[PDB]
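Structure file model-v3.cif with mmCIF, C-alpha atoms and all ligand atoms:
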```
data_my_file
loop_
_atom_site.label_atom_id
_atom_site.label_comp_id
_atom_site.auth_asym_id
_atom_site.auth_seq_id
_atom_site.Cartn_x
_atom_site.Cartn_y
_atom_site.Cartn_z
CA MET A 1 -49.28 47.30 -141.14
CA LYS A 2 -48.74 50.38 -138.88
CA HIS A 3 -52.54 50.64 -138.28
CA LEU A 4 -52.55 47.30 -136.31
CA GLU A 5 -49.99 48.54 -133.79
CA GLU A 6 -50.62 48.90 -130.10
CA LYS A 7 -48.80 51.69 -128.18
CA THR A 8 -47.45 50.91 -124.68
CA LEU A 9 -48.84 53.34 -122.06
CA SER A 10 -47.25 51.67 -119.02
CA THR A 11 -45.29 48.58 -117.96
CA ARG A 12 -44.47 47.02 -114.68
CA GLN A 13 -43.04 43.69 -113.57
CA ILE A 14 -46.11 42.11 -111.94
CA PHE A 15 -44.62 38.84 -110.75
CA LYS A 16 -41.36 37.13 -110.22
CA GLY A 17 -41.36 33.49 -109.26
CA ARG A 18 -38.49 31.13 -108.82
CA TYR A 19 -38.04 31.21 -112.58
CA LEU A 20 -40.76 33.10 -114.40
CA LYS A 21 -40.97 36.84 -114.65
CA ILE A 22 -44.23 38.46 -115.80
CA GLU A 23 -44.65 41.94 -117.26
CA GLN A 24 -48.10 43.61 -117.22
CA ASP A 25 -48.55 46.46 -119.74
CA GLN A 26 -51.37 48.79 -120.53
CA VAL A 27 -51.55 49.48 -124.24
CA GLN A 28 -53.46 51.79 -126.53
CA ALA A 29 -55.04 49.81 -129.29
CA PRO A 30 -56.19 50.98 -132.80
CA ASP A 31 -59.62 51.85 -131.33
CA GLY A 32 -57.91 54.49 -129.10
CA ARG A 33 -58.82 52.38 -126.02
CA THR A 34 -56.66 50.83 -123.28
CA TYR A 35 -56.10 47.10 -122.83
CA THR A 36 -53.96 45.05 -120.46
CA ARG A 37 -51.34 42.68 -121.98
CA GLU A 38 -49.38 40.13 -119.82
CA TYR A 39 -46.37 38.19 -120.96
CA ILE A 40 -43.22 36.45 -119.86
CA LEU A 41 -39.87 38.16 -120.07
CA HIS A 42 -37.44 35.61 -121.46
CA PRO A 43 -33.76 36.15 -122.40
CA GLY A 44 -34.02 34.22 -125.68
CA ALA A 45 -32.48 30.91 -126.59
CA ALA A 46 -30.55 28.87 -129.09
CA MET A 47 -31.24 25.37 -130.52
CA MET A 48 -29.04 23.37 -132.88
CA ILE A 49 -29.35 20.57 -135.38
CA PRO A 50 -26.11 18.56 -135.01
CA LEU A 51 -25.50 16.53 -138.19
CA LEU A 52 -23.12 13.64 -137.76
CA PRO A 53 -20.74 12.23 -140.42
CA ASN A 54 -22.93 9.13 -140.68
CA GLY A 55 -25.83 11.44 -141.51
CA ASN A 56 -27.74 10.84 -138.26
CA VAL A 57 -28.52 13.87 -136.07
CA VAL A 58 -27.71 14.05 -132.38
CA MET A 59 -30.92 14.49 -130.32
CA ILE A 60 -31.92 14.21 -126.68
CA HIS A 61 -34.63 12.70 -124.55
CA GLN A 62 -35.63 15.04 -121.72
CA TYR A 63 -38.58 14.99 -119.25
CA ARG A 64 -40.67 18.23 -119.31
CA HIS A 65 -42.69 18.61 -116.16
CA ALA A 66 -44.88 21.35 -117.66
CA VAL A 67 -46.39 18.68 -119.93
CA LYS A 68 -45.76 15.59 -117.81
CA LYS A 69 -43.85 13.77 -120.55
CA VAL A 70 -40.51 12.86 -122.10
CA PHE A 71 -39.81 14.66 -125.38
CA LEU A 72 -37.42 14.09 -128.22
CA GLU A 73 -35.63 17.36 -128.70
CA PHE A 74 -32.71 18.99 -130.45
CA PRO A 75 -30.28 20.44 -127.87
CA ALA A 76 -31.09 23.95 -126.68
CA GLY A 77 -30.65 26.51 -123.87
CA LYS A 78 -31.23 30.09 -122.72
CA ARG A 79 -29.10 33.03 -123.71
CA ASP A 80 -26.92 34.04 -120.74
CA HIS A 81 -25.92 37.67 -120.09
CA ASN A 82 -27.05 38.91 -123.53
CA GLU A 83 -24.34 36.76 -125.26
CA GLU A 84 -24.39 36.09 -129.00
CA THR A 85 -26.69 33.03 -129.45
CA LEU A 86 -23.88 31.24 -131.43
CA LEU A 87 -22.04 31.05 -128.10
CA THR A 88 -25.18 29.69 -126.43
CA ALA A 89 -25.55 27.02 -129.10
CA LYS A 90 -21.88 26.01 -128.82
CA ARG A 91 -21.95 25.84 -125.03
CA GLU A 92 -25.22 23.86 -124.99
CA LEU A 93 -24.19 21.37 -127.63
CA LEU A 94 -21.05 20.64 -125.53
CA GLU A 95 -22.84 20.50 -122.19
CA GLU A 96 -25.98 18.58 -123.21
CA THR A 97 -24.41 16.13 -125.65
CA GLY A 98 -20.62 16.33 -125.43
CA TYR A 99 -20.16 17.57 -129.03
CA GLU A 100 -18.30 20.42 -130.76
CA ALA A 101 -18.65 21.46 -134.34
CA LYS A 102 -16.39 23.26 -136.78
CA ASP A 103 -19.19 24.41 -139.06
CA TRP A 104 -22.01 26.55 -137.62
CA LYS A 105 -24.77 28.00 -139.83
CA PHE A 106 -27.58 30.24 -138.60
CA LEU A 107 -30.89 29.08 -140.07
CA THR A 108 -33.75 31.20 -138.70
CA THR A 109 -35.26 32.84 -135.66
CA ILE A 110 -38.58 31.55 -134.29
CA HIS A 111 -41.01 32.87 -131.64
CA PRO A 112 -42.73 30.02 -129.74
CA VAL A 113 -45.37 31.86 -127.81
CA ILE A 114 -46.17 35.14 -129.47
CA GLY A 115 -49.35 35.33 -127.39
CA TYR A 116 -47.58 35.54 -124.02
CA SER A 117 -43.81 35.51 -124.09
CA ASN A 118 -41.13 37.60 -125.78
CA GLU A 119 -39.02 34.47 -126.19
CA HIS A 120 -37.16 34.04 -129.48
CA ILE A 121 -35.08 30.95 -130.36
CA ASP A 122 -32.22 31.08 -132.86
CA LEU A 123 -31.88 27.79 -134.75
CA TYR A 124 -28.45 26.68 -136.02
CA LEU A 125 -27.11 23.84 -138.18
CA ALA A 126 -23.94 22.31 -136.72
CA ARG A 127 -21.71 20.16 -138.97
CA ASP A 128 -18.29 18.56 -138.81
CA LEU A 129 -18.71 17.24 -135.33
CA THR A 130 -16.27 15.65 -132.88
CA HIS A 131 -17.20 14.14 -129.52
CA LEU A 132 -15.87 14.85 -126.00
CA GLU A 133 -18.06 14.36 -122.89
CA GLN A 134 -21.42 15.46 -121.50
CA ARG A 135 -21.44 18.16 -118.77
CA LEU A 136 -25.01 18.32 -117.39
CA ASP A 137 -26.19 21.18 -115.21
CA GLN A 138 -27.67 20.75 -111.69
CA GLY A 139 -31.27 19.50 -112.13
CA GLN A 140 -30.81 18.64 -115.81
CA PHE A 141 -31.45 15.06 -116.92
CA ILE A 142 -30.90 14.16 -120.54
CA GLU A 143 -30.22 11.00 -122.52
CA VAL A 144 -28.40 11.56 -125.86
CA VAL A 145 -29.60 9.61 -128.99
CA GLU A 146 -28.80 9.37 -132.71
CA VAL A 147 -31.68 9.70 -135.05
CA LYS A 148 -31.82 9.00 -138.81
CA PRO A 149 -33.52 12.02 -140.43
CA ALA A 150 -35.96 9.77 -142.37
CA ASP A 151 -37.08 8.22 -139.04
CA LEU A 152 -37.38 11.75 -137.57
CA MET A 153 -39.69 12.92 -140.35
CA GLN A 154 -41.88 9.85 -139.85
CA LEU A 155 -41.97 10.60 -136.09
CA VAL A 156 -43.13 14.20 -136.93
CA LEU A 157 -46.02 12.89 -139.12
CA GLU A 158 -46.98 10.47 -136.33
CA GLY A 159 -47.27 13.32 -133.77
CA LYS A 160 -44.28 12.14 -131.70
CA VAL A 161 -42.24 15.29 -132.17
CA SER A 162 -44.66 17.71 -130.64
CA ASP A 163 -41.88 20.07 -129.36
CA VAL A 164 -42.27 22.98 -131.78
CA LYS A 165 -38.61 24.01 -131.85
CA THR A 166 -37.49 20.46 -132.66
CA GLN A 167 -40.30 19.81 -135.18
CA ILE A 168 -39.32 23.01 -136.96
CA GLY A 169 -35.67 21.90 -136.92
CA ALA A 170 -36.76 18.68 -138.53
CA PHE A 171 -38.52 20.42 -141.41
CA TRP A 172 -35.58 22.79 -142.07
CA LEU A 173 -33.21 19.82 -141.94
CA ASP A 174 -35.47 17.96 -144.41
CA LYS A 175 -35.23 20.99 -146.72
CA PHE A 176 -31.45 21.14 -146.39
CA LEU A 177 -31.07 17.38 -146.96
CA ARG A 178 -33.24 17.33 -150.13
CA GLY A 179 -31.29 20.36 -151.32
CA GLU A 180 -34.25 22.78 -151.66
CA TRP A 181 -32.85 25.30 -149.18
CA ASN A 182 -29.17 26.34 -148.70
CA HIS B 3 -36.24 6.75 -115.52
CA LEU B 4 -36.29 10.46 -116.48
CA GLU B 5 -39.69 11.15 -114.99
CA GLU B 6 -39.96 13.65 -112.14
CA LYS B 7 -42.46 12.92 -109.39
CA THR B 8 -44.74 15.68 -108.06
CA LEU B 9 -44.47 16.19 -104.33
CA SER B 10 -46.57 19.33 -104.07
CA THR B 11 -48.39 21.84 -106.28
CA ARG B 12 -49.46 25.46 -105.81
CA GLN B 13 -50.97 28.13 -108.02
CA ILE B 14 -48.57 30.94 -107.23
CA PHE B 15 -49.80 33.60 -109.63
CA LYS B 16 -52.96 34.53 -111.42
CA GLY B 17 -53.00 37.89 -113.13
CA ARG B 18 -55.50 39.29 -115.65
CA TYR B 19 -54.65 36.62 -118.18
CA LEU B 20 -51.78 34.36 -117.04
CA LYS B 21 -51.78 31.67 -114.35
CA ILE B 22 -48.60 30.03 -113.05
CA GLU B 23 -48.35 26.72 -111.31
CA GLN B 24 -45.33 25.97 -109.06
CA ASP B 25 -44.49 22.40 -108.21
CA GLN B 26 -41.93 20.71 -106.01
CA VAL B 27 -40.83 17.57 -107.80
CA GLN B 28 -38.39 14.74 -107.05
CA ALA B 29 -35.98 14.17 -109.95
CA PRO B 30 -33.98 11.06 -110.98
CA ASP B 31 -31.06 12.17 -108.77
CA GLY B 32 -33.45 11.75 -105.82
CA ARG B 33 -33.30 15.53 -105.23
CA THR B 34 -36.11 18.14 -104.93
CA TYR B 35 -36.50 20.89 -107.54
CA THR B 36 -38.95 23.64 -108.30
CA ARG B 37 -40.89 23.62 -111.56
CA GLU B 38 -42.95 26.64 -112.67
CA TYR B 39 -45.14 26.78 -115.73
CA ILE B 40 -48.14 28.53 -117.24
CA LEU B 41 -51.45 26.76 -116.91
CA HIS B 42 -53.07 27.18 -120.34
CA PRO B 43 -56.40 25.78 -121.50
CA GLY B 44 -55.05 24.61 -124.91
CA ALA B 45 -55.82 26.03 -128.33
CA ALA B 46 -56.66 25.24 -131.93
CA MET B 47 -55.18 26.60 -135.16
CA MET B 48 -56.81 26.27 -138.61
CA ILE B 49 -55.34 26.13 -142.12
CA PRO B 50 -58.21 27.28 -144.34
CA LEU B 51 -57.70 26.11 -147.91
CA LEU B 52 -59.67 27.95 -150.60
CA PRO B 53 -60.95 26.60 -153.95
CA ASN B 54 -58.37 28.79 -155.73
CA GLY B 55 -55.59 26.96 -153.85
CA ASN B 56 -54.63 29.89 -151.61
CA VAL B 57 -55.00 29.87 -147.80
CA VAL B 58 -56.70 32.34 -145.57
CA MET B 59 -54.26 33.90 -143.14
CA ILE B 60 -54.28 36.88 -140.78
CA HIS B 61 -52.08 39.85 -139.76
CA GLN B 62 -52.22 40.56 -136.03
CA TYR B 63 -50.10 42.66 -133.75
CA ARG B 64 -48.55 40.77 -130.85
CA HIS B 65 -47.48 42.99 -128.03
CA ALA B 66 -45.38 40.33 -126.24
CA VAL B 67 -42.96 40.54 -129.17
CA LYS B 68 -43.82 44.10 -130.35
CA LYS B 69 -44.62 43.43 -133.97
CA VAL B 70 -47.21 42.26 -136.44
CA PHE B 71 -47.26 38.59 -137.36
CA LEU B 72 -48.47 36.58 -140.28
CA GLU B 73 -50.56 33.77 -138.67
CA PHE B 74 -53.01 31.12 -139.40
CA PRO B 75 -56.14 31.85 -137.37
CA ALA B 76 -56.23 30.41 -133.88
CA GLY B 77 -57.67 30.62 -130.39
CA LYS B 78 -58.00 29.22 -126.88
CA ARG B 79 -60.17 26.36 -125.72
CA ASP B 80 -63.24 27.59 -123.91
CA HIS B 81 -64.60 25.49 -121.03
CA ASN B 82 -62.71 22.31 -122.01
CA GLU B 83 -64.82 22.15 -125.18
CA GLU B 84 -63.60 19.77 -127.94
CA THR B 85 -60.82 21.75 -129.89
CA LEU B 86 -62.66 21.22 -133.17
CA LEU B 87 -65.41 23.49 -131.76
CA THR B 88 -62.78 26.03 -130.84
CA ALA B 89 -61.48 25.88 -134.40
CA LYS B 90 -64.87 26.36 -136.04
CA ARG B 91 -65.72 29.33 -133.79
CA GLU B 92 -62.33 31.09 -134.16
CA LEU B 93 -62.27 30.62 -137.90
CA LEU B 94 -65.67 32.33 -138.06
CA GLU B 95 -64.82 35.02 -135.58
CA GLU B 96 -61.26 35.82 -136.83
CA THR B 97 -61.72 35.53 -140.56
CA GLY B 98 -65.48 35.23 -141.31
CA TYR B 99 -65.18 31.79 -142.88
CA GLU B 100 -66.97 28.49 -142.25
CA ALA B 101 -65.81 25.16 -143.58
CA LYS B 102 -67.78 21.95 -144.13
CA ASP B 103 -64.66 19.71 -144.21
CA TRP B 104 -62.31 19.61 -141.17
CA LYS B 105 -59.36 17.32 -140.63
CA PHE B 106 -57.14 17.10 -137.59
CA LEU B 107 -53.43 17.16 -138.55
CA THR B 108 -51.33 17.09 -135.37
CA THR B 109 -50.84 18.40 -131.80
CA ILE B 110 -47.85 20.65 -130.97
CA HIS B 111 -46.48 21.97 -127.64
CA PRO B 112 -45.06 25.42 -128.17
CA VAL B 113 -43.25 25.94 -124.89
CA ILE B 114 -42.41 22.64 -123.17
CA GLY B 115 -40.06 24.36 -120.75
CA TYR B 116 -42.63 26.63 -119.07
CA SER B 117 -46.25 26.04 -120.33
CA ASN B 118 -48.66 23.12 -120.52
CA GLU B 119 -50.12 24.63 -123.63
CA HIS B 120 -50.96 22.31 -126.52
CA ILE B 121 -52.25 23.50 -129.90
CA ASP B 122 -54.23 21.22 -132.19
CA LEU B 123 -53.77 21.99 -135.85
CA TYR B 124 -56.53 21.39 -138.35
CA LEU B 125 -57.04 21.64 -142.11
CA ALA B 126 -60.28 23.36 -143.15
CA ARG B 127 -61.79 22.96 -146.66
CA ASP B 128 -64.94 23.67 -148.67
CA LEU B 129 -65.27 27.22 -147.38
CA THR B 130 -68.04 29.84 -147.31
CA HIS B 131 -67.20 33.53 -146.67
CA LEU B 132 -69.43 35.19 -144.11
CA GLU B 133 -68.13 38.05 -141.93
CA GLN B 134 -65.76 38.41 -139.01
CA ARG B 135 -67.06 38.71 -135.45
CA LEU B 136 -63.97 39.86 -133.53
CA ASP B 137 -63.62 39.84 -129.70
CA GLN B 138 -62.69 42.90 -127.71
CA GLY B 139 -59.04 43.89 -127.86
CA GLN B 140 -58.81 41.64 -130.91
CA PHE B 141 -57.64 43.47 -134.08
CA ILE B 142 -57.10 41.31 -137.15
CA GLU B 143 -56.77 41.60 -140.91
CA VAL B 144 -57.50 38.73 -143.28
CA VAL B 145 -55.27 38.03 -146.33
CA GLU B 146 -55.09 35.26 -148.89
CA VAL B 147 -51.68 33.79 -149.31
CA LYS B 148 -50.34 31.45 -152.02
CA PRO B 149 -48.73 28.47 -150.39
CA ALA B 150 -45.66 28.79 -152.63
CA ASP B 151 -45.25 32.38 -151.37
CA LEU B 152 -45.79 31.23 -147.78
CA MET B 153 -42.86 28.80 -148.03
CA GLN B 154 -40.53 31.51 -149.39
CA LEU B 155 -41.64 33.76 -146.48
CA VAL B 156 -40.76 30.90 -144.06
CA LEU B 157 -37.23 30.62 -145.68
CA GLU B 158 -36.77 34.33 -145.31
CA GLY B 159 -37.57 34.36 -141.56
CA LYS B 160 -40.88 36.18 -142.01
CA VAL B 161 -43.15 33.46 -140.53
CA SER B 162 -41.48 33.25 -137.15
CA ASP B 163 -44.74 32.26 -135.37
CA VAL B 164 -44.05 28.61 -134.59
CA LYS B 165 -47.63 27.41 -134.99
CA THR B 166 -48.07 29.06 -138.41
CA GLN B 167 -44.61 28.03 -139.63
CA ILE B 168 -45.43 24.44 -138.63
CA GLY B 169 -48.81 24.78 -140.43
CA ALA B 170 -46.93 25.92 -143.54
CA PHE B 171 -44.69 22.86 -143.51
CA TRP B 172 -47.61 20.44 -143.00
CA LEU B 173 -49.55 22.21 -145.83
CA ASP B 174 -46.43 21.78 -148.03
CA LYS B 175 -46.30 18.00 -147.43
CA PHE B 176 -50.04 17.70 -148.10
CA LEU B 177 -49.85 19.86 -151.21
CA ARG B 178 -46.81 17.96 -152.49
CA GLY B 179 -48.66 14.58 -152.09
CA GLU B 180 -45.95 13.47 -149.58
CA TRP B 181 -48.41 13.41 -146.61
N1 LIG C 201 -50.55 37.79 -123.47
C1 LIG C 201 -51.78 38.31 -123.40
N2 LIG C 201 -52.04 39.28 -122.53
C2 LIG C 201 -53.27 39.84 -122.43
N3 LIG C 201 -54.32 39.50 -123.20
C3 LIG C 201 -54.19 38.52 -124.11
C4 LIG C 201 -52.87 37.85 -124.28
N4 LIG C 201 -53.01 36.94 -125.27
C5 LIG C 201 -54.32 37.02 -125.65
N5 LIG C 201 -55.01 37.97 -124.97
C6 LIG C 201 -56.45 38.35 -125.11
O1 LIG C 201 -57.22 37.19 -124.73
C7 LIG C 201 -58.10 36.79 -125.78
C8 LIG C 201 -57.81 35.31 -126.12
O2 LIG C 201 -57.10 35.11 -127.35
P1 LIG C 201 -57.31 33.79 -128.27
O3 LIG C 201 -57.72 34.19 -129.73
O4 LIG C 201 -58.10 32.75 -127.53
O5 LIG C 201 -55.83 33.28 -128.32
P2 LIG C 201 -54.70 34.09 -129.15
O6 LIG C 201 -54.10 35.15 -128.25
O7 LIG C 201 -54.90 34.10 -130.60
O8 LIG C 201 -53.66 32.86 -128.92
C9 LIG C 201 -53.97 31.49 -129.20
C10 LIG C 201 -52.63 30.82 -129.46
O9 LIG C 201 -51.96 31.51 -130.52
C11 LIG C 201 -50.55 31.46 -130.11
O10 LIG C 201 -49.52 31.96 -130.94
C12 LIG C 201 -50.57 31.97 -128.65
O11 LIG C 201 -49.26 31.91 -127.96
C13 LIG C 201 -51.66 30.95 -128.26
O12 LIG C 201 -50.98 29.73 -128.17
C14 LIG C 201 -57.97 37.81 -126.93
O13 LIG C 201 -59.17 38.58 -127.10
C15 LIG C 201 -56.82 38.73 -126.55
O14 LIG C 201 -57.14 40.13 -126.71
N1 LIG C 202 -40.39 25.71 -115.90
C1 LIG C 202 -39.25 25.52 -115.21
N2 LIG C 202 -39.23 25.53 -113.87
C2 LIG C 202 -38.10 25.36 -113.15
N3 LIG C 202 -36.88 25.13 -113.70
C3 LIG C 202 -36.75 25.08 -115.06
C4 LIG C 202 -37.96 25.27 -115.91
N4 LIG C 202 -37.56 25.16 -117.20
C5 LIG C 202 -36.21 24.94 -117.18
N5 LIG C 202 -35.73 24.88 -115.91
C6 LIG C 202 -34.34 24.60 -115.48
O1 LIG C 202 -33.55 25.79 -115.52
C7 LIG C 202 -32.41 25.57 -116.34
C8 LIG C 202 -32.66 26.42 -117.59
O2 LIG C 202 -32.55 25.60 -118.76
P1 LIG C 202 -32.68 26.20 -120.24
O3 LIG C 202 -31.33 26.75 -120.65
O4 LIG C 202 -33.97 27.00 -120.30
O5 LIG C 202 -32.95 24.82 -120.97
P2 LIG C 202 -34.42 24.55 -121.46
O6 LIG C 202 -35.39 24.48 -120.30
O7 LIG C 202 -34.20 23.46 -122.48
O8 LIG C 202 -34.86 25.87 -122.27
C9 LIG C 202 -34.49 26.08 -123.63
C10 LIG C 202 -35.70 26.25 -124.51
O9 LIG C 202 -36.17 24.97 -124.90
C11 LIG C 202 -37.58 25.23 -125.15
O10 LIG C 202 -38.42 24.17 -125.58
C12 LIG C 202 -38.03 25.85 -123.82
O11 LIG C 202 -39.49 26.10 -123.73
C13 LIG C 202 -36.93 26.94 -123.87
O12 LIG C 202 -37.22 27.91 -124.84
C14 LIG C 202 -32.27 24.05 -116.59
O13 LIG C 202 -31.35 23.38 -115.70
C15 LIG C 202 -33.67 23.52 -116.37
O14 LIG C 202 -33.65 22.18 -115.81
#
```
For the file at hand, write its structure as structure tokens.
Ligand SMILES: Nc1ncnc2c1ncn2[C@@H]1O[C@H](COP(=O)(O)OP(=O)(O)OC[C@H]2O[C@@H](O)[C@H](O)[C@@H]2O)[C@@H](O)[C@H]1O
Ligand SMILES: Nc1ncnc2c1ncn2[C@@H]1O[C@H](COP(=O)(O)OP(=O)(O)OC[C@H]2O[C@@H](O)[C@H](O)[C@@H]2O)[C@@H](O)[C@H]1O
Amino acid sequence: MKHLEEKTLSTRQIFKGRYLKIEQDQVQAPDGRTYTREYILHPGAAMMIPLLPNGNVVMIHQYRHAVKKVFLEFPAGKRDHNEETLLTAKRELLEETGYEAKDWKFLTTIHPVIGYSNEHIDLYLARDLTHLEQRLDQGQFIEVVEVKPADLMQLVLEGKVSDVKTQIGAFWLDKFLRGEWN
Amino acid sequence: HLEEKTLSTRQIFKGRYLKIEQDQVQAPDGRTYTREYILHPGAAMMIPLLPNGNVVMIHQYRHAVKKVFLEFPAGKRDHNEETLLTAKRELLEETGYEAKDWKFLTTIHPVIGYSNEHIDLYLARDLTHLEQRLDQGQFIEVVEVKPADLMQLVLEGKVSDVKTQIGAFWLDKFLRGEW
């Protein structure tokens, strides 16, 4: 697929807001011509599917101003300082929900916005959980809930799990639970 | 309860393609925070199912991530048109197909932390193969993929595009009679 590649002729950071950083590149496309590409520079993230002994999964409810709504999500956060994402996932599970896990399994890496961000999210399965306490960050508001996976899958079908990272977790979990993928 | 209340709004950036909104909001702690996110018109993605049971997919380079992706065809809403019109036009332009049977599946939000983007996913059936009509700076190859192969590619980490991976899973439930 080499003949679809675009070659970067220049890059600059075009904007830095309070949170978002934008890179503007000029690229040479397969027609030999020059096009502008803009995208967000993102450190990456981790998300985890925390499977409780009773077979429910620990999830959160969190308001997302970008969309003006509350979402049901699996816990997640940004990579800090180029850390291994396993450390991200561990830290975020403890902070957002109060849990630790003895068994961590990497499932897959996803890209949520290939059109305009370099973000990748590493998705983990966390098992053999024990509870401590929630440690929420400044400006983070999050209610923790337990969800039966069968109810989750029905929520997906019904359009109530629109958060792509979480919906994808749900489908991988479904695969794991029916024993098709391990 | 969890809702944040908008106190002020500003469009802080508009480049060649991206537009960023910056809001001051009041959160449940009563405190003021900044929220910044891309303003995106919305998009449609199309799962085009062929009489032979394969699906039409595309390879496209994505500079944000610096590699070529396997994707279902997709594009952005033009002028707040109905996303089914977006879907019909992009399927024609990206792949050269038209479909006489369209079904909305679901709406996904690919980046709830920093974009208002939504993508509406559709199933397209009863197809006729015309020719592509690509936009400028748009370079795309069309491939047929067997859904069983597509699911193995998902397992292997080779369909990392969230919208397409989600399409694959919905196709799987449909094809298995589950949904
Ligand atoms: N980040 C970008 N920077 C510069 N130009 C872009 C970018 N993304 C797209 N373009 C250009 O703008 C046009 C609009 O593209 P569409 O087909 O409407 O949308 P596409 O880029 O396919 O994305 C639609 C959807 O797919 C998703 O994975 C993507 O994140 C978006 O949600 C194209 O001709 C393309 O060359
Ligand atoms: N658009 C935004 N504007 C301002 N502040 C933000 C924004 N998004 C997040 N924050 C805040 O900055 C901190 C960064 O949190 P993250 O570790 O990014 O947690 P989250 O926002 O969940 O991001 C993890 C991931 O989840 C995805 O769905 C999301 O799009 C991102 O990839 C949090 O305290 C959060 O409240």
Can you sort out the box for region 16-24 of chain A, edges along x, y and z, all listed atoms in, 8 Å on every side, with centre and edge lengths in Å to one decimal, as JSON?
```
{"center_x": -43.1, "center_y": 37.4, "center_z": -113.0, "size_x": 26.1, "size_y": 28.5, "size_z": 24.4}
```
Let me have all residues with an atom within 6 Å of ligand LIG 202 (chain C), counting all atoms listed in the file, laid out as a PDB file with C-alpha atoms, in the frame of the given file.
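The result, written out as selection_4.pdb:
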```pdb
ATOM      1  CA  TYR A  19     -38.040  31.210-112.580  1.00  0.00           C
ATOM      2  CA  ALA A  45     -32.480  30.910-126.590  1.00  0.00           C
ATOM      3  CA  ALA A  76     -31.090  23.950-126.680  1.00  0.00           C
ATOM      4  CA  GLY A  77     -30.650  26.510-123.870  1.00  0.00           C
ATOM      5  CA  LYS A  78     -31.230  30.090-122.720  1.00  0.00           C
ATOM      6  CA  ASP A 137     -26.190  21.180-115.210  1.00  0.00           C
ATOM      7  CA  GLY A 139     -31.270  19.500-112.130  1.00  0.00           C
ATOM      8  CA  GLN A 140     -30.810  18.640-115.810  1.00  0.00           C
TER       9      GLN A 140
ATOM     10  CA  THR B  36     -38.950  23.640-108.300  1.00  0.00           C
ATOM     11  CA  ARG B  37     -40.890  23.620-111.560  1.00  0.00           C
ATOM     12  CA  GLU B  38     -42.950  26.640-112.670  1.00  0.00           C
ATOM     13  CA  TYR B  39     -45.140  26.780-115.730  1.00  0.00           C
ATOM     14  CA  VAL B 113     -43.250  25.940-124.890  1.00  0.00           C
ATOM     15  CA  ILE B 114     -42.410  22.640-123.170  1.00  0.00           C
ATOM     16  CA  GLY B 115     -40.060  24.360-120.750  1.00  0.00           C
ATOM     17  CA  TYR B 116     -42.630  26.630-119.070  1.00  0.00           C
TER      18      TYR B 116
END
```
Open item on the list: Residues near residue 85 (chain A), anyone? I mean within 8 Å using all atoms listed in the file, not counting same-chain ones fewer than 3 positions away, as a PyMOL selection string.
Closed with: chain A and resi 45-46+79+88-89+122
TODO: Check every residue of chain A for an atom within 8 Å of chain B, counting all atoms listed in the file, and provide those that qualify as number ranges by chain.
DONE: A: 1, 4-6, 15, 17-20, 29-30, 35-40, 62-67, 69-70, 108-119, 139, 141-142, 157-159, 161-165, 167-168, 171, 181
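When all atoms listed in the file are used to measure the gap to ligand LIG 201 (chain C), the shortest distance among B:51, B:9, B:76, B:59 belongs to B:76.
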Open item on the list: Using all atoms listed in the file for the distances, tell me which of A:150, A:125, A:27, A:9 is nearest to ligand LIG 201 (chain C).
Closed with: A:27
Rebuild region 131-137 of chain A so that it carries N, CA, C and O atoms, then output the result as a compact mmCIF listing (two decimals), in the coordinates of the input.
```txt
# COMPACT_ATOMS: atom_id res chain seq x y z
N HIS A 131 -16.63 14.41 -130.83
CA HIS A 131 -17.20 14.14 -129.52
C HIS A 131 -16.17 14.27 -128.39
O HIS A 131 -14.99 13.98 -128.58
N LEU A 132 -16.62 14.79 -127.25
CA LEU A 132 -15.87 14.85 -126.00
C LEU A 132 -16.81 14.25 -124.99
O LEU A 132 -17.26 13.14 -125.21
N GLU A 133 -17.17 14.95 -123.91
CA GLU A 133 -18.06 14.36 -122.89
C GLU A 133 -19.16 15.32 -122.42
O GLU A 133 -18.98 16.54 -122.42
N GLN A 134 -20.27 14.73 -121.99
CA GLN A 134 -21.42 15.46 -121.50
C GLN A 134 -21.13 16.15 -120.17
O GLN A 134 -20.50 15.56 -119.30
N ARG A 135 -21.61 17.39 -120.02
CA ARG A 135 -21.44 18.16 -118.77
C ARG A 135 -22.80 18.76 -118.35
O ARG A 135 -23.10 19.93 -118.62
N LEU A 136 -23.63 17.94 -117.70
CA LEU A 136 -25.01 18.32 -117.39
C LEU A 136 -25.08 19.26 -116.21
O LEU A 136 -24.37 19.07 -115.21
N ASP A 137 -25.97 20.24 -116.31
CA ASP A 137 -26.19 21.18 -115.21
C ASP A 137 -27.03 20.55 -114.08
O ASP A 137 -27.78 19.60 -114.30
```
